[PDB]
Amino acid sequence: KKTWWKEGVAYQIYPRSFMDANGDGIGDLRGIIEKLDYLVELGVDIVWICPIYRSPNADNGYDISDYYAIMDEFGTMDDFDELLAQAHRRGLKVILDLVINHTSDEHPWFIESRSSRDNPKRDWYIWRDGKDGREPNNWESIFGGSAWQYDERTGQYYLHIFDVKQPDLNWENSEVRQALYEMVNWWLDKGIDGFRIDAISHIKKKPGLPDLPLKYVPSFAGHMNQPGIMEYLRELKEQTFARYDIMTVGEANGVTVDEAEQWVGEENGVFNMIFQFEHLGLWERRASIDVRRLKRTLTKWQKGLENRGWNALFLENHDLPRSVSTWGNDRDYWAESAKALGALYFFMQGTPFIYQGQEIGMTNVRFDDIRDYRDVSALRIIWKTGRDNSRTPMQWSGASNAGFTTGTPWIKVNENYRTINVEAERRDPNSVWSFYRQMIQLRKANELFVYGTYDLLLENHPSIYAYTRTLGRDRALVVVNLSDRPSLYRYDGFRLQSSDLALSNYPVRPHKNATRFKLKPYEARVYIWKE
């Protein structure tokens, strides 16, 4: 089954740090509009814009106070309508986040709900009396502490799996579901091309909210992927998504490759593709990431969803440090490792996602003062694992503040922008950006990277990650040396010819009938041929 979403390349935008069109230091919608030509030039075709809905912003915008309104600092609904029009003119698809497990406590529905024990919206959230001076149950919040928050307006507590300011919607209530489907369809009718569904795995709560088998106990057994969830998700799909030509992206949170077919299966699957995070975070050993464990994790998803679902491929996001600075080497092999990592995940079976700046090799930021950081998490290892590493402003040129703003950025631009920036990288044919553009060009010109089946080679090799892609008589070999030291590639399965080398991060060296060769640090090669 051939589809645009399987064949597309997605680009993830964190609006606040992408492009500031009005000089107030905050990226906005007009900023994005100014960069649609850039997205086209790069080659991507699906644009995922992180939360832009009205929000008190207590939870990086995932605490929505109005689903039908744009966050003031990003612009107006007119700006958004204009964005879709301009994006569609260019052949681009636009998807937004769908956060429907909860709303902000400042959402008008919760404000009415919390006012009294009997108002039309009381049942829209999860209210319960406590147990003699204590919370309704022993459930802990994913955000630490009780999942219950006492409310003095009524004497009862409301459930909040996430932040205190994120009360959970009562999916048991048909009125809630219907209001949510009307909201989804409103966006779909407005013209968006799909959504990235967030935390929907918690919409179904265990039937009497009983104590779980300890101040507060991690509560996943009472609200995550609970039986009956599929009833809500299938209804969500039939009432909304199924009525349009869109794409939905989910996450395999607490979902094994086997249970993932119920979420992303092509016939009866709530979502079209899914992200998995089992590969996130890999500390280096004495001698130097654990490539074999990476091969295993990524390979089970490749083989596991083959003809059963579709993988959403990625290395970066707004909640992670930069890939070149974590998986690669930003000190000695900056460009090489960035390109290597890019070839590695980009060419697998699935739809690749490029996070803003990943295509130019943005790295972690190392501010000396804790005050230059933002995310409350850091303030409470920052240089290496911090979320801000992916939230510093996008590096467009060597201009003041990397061309991001004419004002003062809400967070400082990484000092390496004079070198790492779009303008300079597009002039350099050996830049990380140019490598990315060639990768996008390769995948578009060779559908074997889209529908070809993945097969891992040299599984036990400690440094080389090599895999093939097969579609009929069309084959390709993606070989990557994930280490800062050379490595011998040795595989008597096929003879590699230099005329078949479609892409490499190192110059194409002469070689005929090669079954072995030394790979330079972070050397990555992509061979394509036809048997």
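Heads up: residue numbers just count along the shown sequence, starting at 1.
The stretch of deposited sequence separating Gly144 from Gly145 contains no residues lacking coordinates in this entry. Missing deposited residues between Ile370 and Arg371: none, as the chain runs unbroken there.
Looking at mean Cα B-factors across 247 to 255 and 232 to 240, the upper value is held by 247 to 255. When the mean C-alpha temperature factors of 178 to 186 and 257 to 265 are read from the deposited coordinates, 257 to 265 comes out higher.
By the numbers in the PDB entry, the CA B factor is greatest at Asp330 among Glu359, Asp78, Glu316, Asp330. By the numbers in the PDB entry, the CA B factor is greatest at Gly130 among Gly350, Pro108, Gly191, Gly130. Remark: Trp283 belongs to the highest third of its chain, ranked by C-alpha B-factor as recorded. In this PDB entry, the Cα temperature factor of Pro510 sits in the top third of its chain's modelled residues, the highest group. Among the modelled residues of its chain, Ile46 has a C-alpha B-factor that falls in the lowest third according to the deposited record. The deposited CA B-factor of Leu496 belongs to the highest third of values across its chain. Split the chain's modelled residues into thirds by C-alpha temperature factor. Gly407 is in the middle one.
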